[PDB]
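In what follows, a structure is listed as structure tokens, so that the remarks can point back to it.
All of the numbers you see were taken from the coordinates with simple rules; none came from a lab. In this analysis, Cβ positions are derived from the backbone assuming ideal geometry, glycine residues included, and neighbour counts consider all displayed protein chains.
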Amino acid sequence: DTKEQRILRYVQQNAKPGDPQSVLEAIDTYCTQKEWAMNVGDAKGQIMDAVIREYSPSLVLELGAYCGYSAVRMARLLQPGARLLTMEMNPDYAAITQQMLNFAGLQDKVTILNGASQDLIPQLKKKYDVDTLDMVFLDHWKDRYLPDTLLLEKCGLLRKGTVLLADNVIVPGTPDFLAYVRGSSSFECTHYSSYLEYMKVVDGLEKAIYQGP
Ligand SMILES: CCNc1ncnc2c1ncn2[C@@H]1O[C@H](/C=C/CNC(=O)c2cc(-c3ccc(F)cc3)cc(O)c2O)[C@@H](O)[C@H]1O
Ligand SMILES: [Cl-]
Ligand SMILES: [Mg+2]
Ligand code: NA
């Protein structure tokens, strides 16, 4: 098997079906005690939770599901009727994520879109009946944060107040994205210093609130 399969099996055997918090705890324990994996983790996850609670978004887009950690983390805090769309290009990881969400009992709140964001983003309005997004969590390949932010804007998916929340702005880093949003009048930015998942290494989240064109 793969590391991702081992994480899923650990959750299934060490969390309670339908209990998202127990699922997060199991992933975090496994990744701390057994094998590191690129989940946002609990340190930055607490910041994510605070942001989700503040904004209570009705429609969230996640770029880069991986094993479904952040999809579980966010969806557990969504209000009734709210939804999360999460894009994942790797079929094996998309299957992990779906099974993770199913175990957590969150499958009715989340849609997996098994594809690349640059192909799927232009289909959101006509195929996924999206008007505009309330929040976007960026956690895919770091050199795609800027291209996909510009594409979301082009496609009319951003509105005044849409919250972009970007992982890994320190490690591995996303220098072009960060310089761009911080320098642009179209985004009001805040930096949340934290730690790399499971490691005593500084990382951070960037919140960039879209202000209109
Ligand atoms: C092609 C762009 N569009 C995409 N659309 C949909 N899914 C995509 C896309 N890119 C990547 N994916 C998926 O997102 C995930 C990839 C995320 C990339 N993340 C990282 O590189 C990352 C890396 C680290 C890290 C930090 C320190 C290290 F020493 C080593 C690694 C930490 C993190 O928190 C990370 O998020 C995978 O599941 C992948 O298949
Ligand atoms: Cl952590
Ligand atoms: Mg990350
Ligand atoms: Na700015």
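A few comments on the model shown:
- Dipole magnitude of the chain about its Cα centre (Cβ charges: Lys, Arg +1; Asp, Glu -1), debye to nearest 20: 260
- Every helix of 4 or more DSSP H residues in the chain counts as -39500 (n - 2.57), and over all residues that averages to -12500 deg cm²/dmol at 222 nm.
- Taking Cα centre as origin and charging only the Cβ of basic (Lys, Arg, +1) and acidic (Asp, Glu, -1) residues, the dipole magnitude of segment 57-131 rounds to 180 debye.
- Note on the chain: antiparallel DSSP beta bridges, both residues inside, total approximately 45 percent of the bridges counted.
- Dipole of the chain, positive end: most advanced residue of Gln12, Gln107, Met199 [Cβ charges, Cα centre]: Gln107
- Counting 0.36 nm for each residue step from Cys189 to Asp19 and taking away their Cα separation leaves a gain of 57.9 nm.
- Net length available on complete extension from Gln5 to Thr32 is 8.1 nm, with 0.36 nm assigned per residue and the Cα-Cα distance removed.
- Inter-label distance, nm, simple model (7 Å from Cα along the C-beta direction), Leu77/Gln118: 3.1
- Whole-Hz ³J(HN,Hα) from phi, Karplus 6.51 cos²θ - 1.76 cosθ + 1.60, for segment 114-120, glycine and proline x: 6, x, 7, 3, 5, 7, 7
- Checked against a 24 Å cut-off, the cross-linked pairs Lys154/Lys207; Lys34/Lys142; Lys3/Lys127; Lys34/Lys109; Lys16/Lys200 give Cα-Cα distances beyond that limit for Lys34/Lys142; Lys3/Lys127; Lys34/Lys109; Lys16/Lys200.
- Using only alpha-carbon positions in the chain, the gyration tensor eigenvalues give semi-axes of 26, 20, 15 Å once each is multiplied by 5 and square-rooted (largest first).
- Set the Cα radius of gyration of segment 2-51 against 2.2 N^0.38 Å, with N its number of residues, and you get 1.13.
- Spacing of the two label points (7 Å from each Cα toward its C-beta) at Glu153 and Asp92, in nm: 3.6
- Max mean-square fluctuation residue, GNM over the chain, Cα-Cα springs under 10 Å, options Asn39, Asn168, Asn90: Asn90
- Residue among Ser184, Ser22, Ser117 with the largest mean-square fluctuation in a Gaussian network model of the chain, springs linking Cα atoms under 10 Å: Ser184
- Taking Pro80, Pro147, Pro91 as the candidate residues, the one with maximal mean-square fluctuation in a Gaussian network model of the chain, Cα springs under 10 Å, is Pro80.
- Placing dummy labels 7 Å off each Cα toward the beta-carbon, the span from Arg182 to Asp129 is 4.2 nm.
- Assigned charges on the beta-carbon of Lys, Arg, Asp, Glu; segment 94-183 dipole about Cα centre (debye): 200
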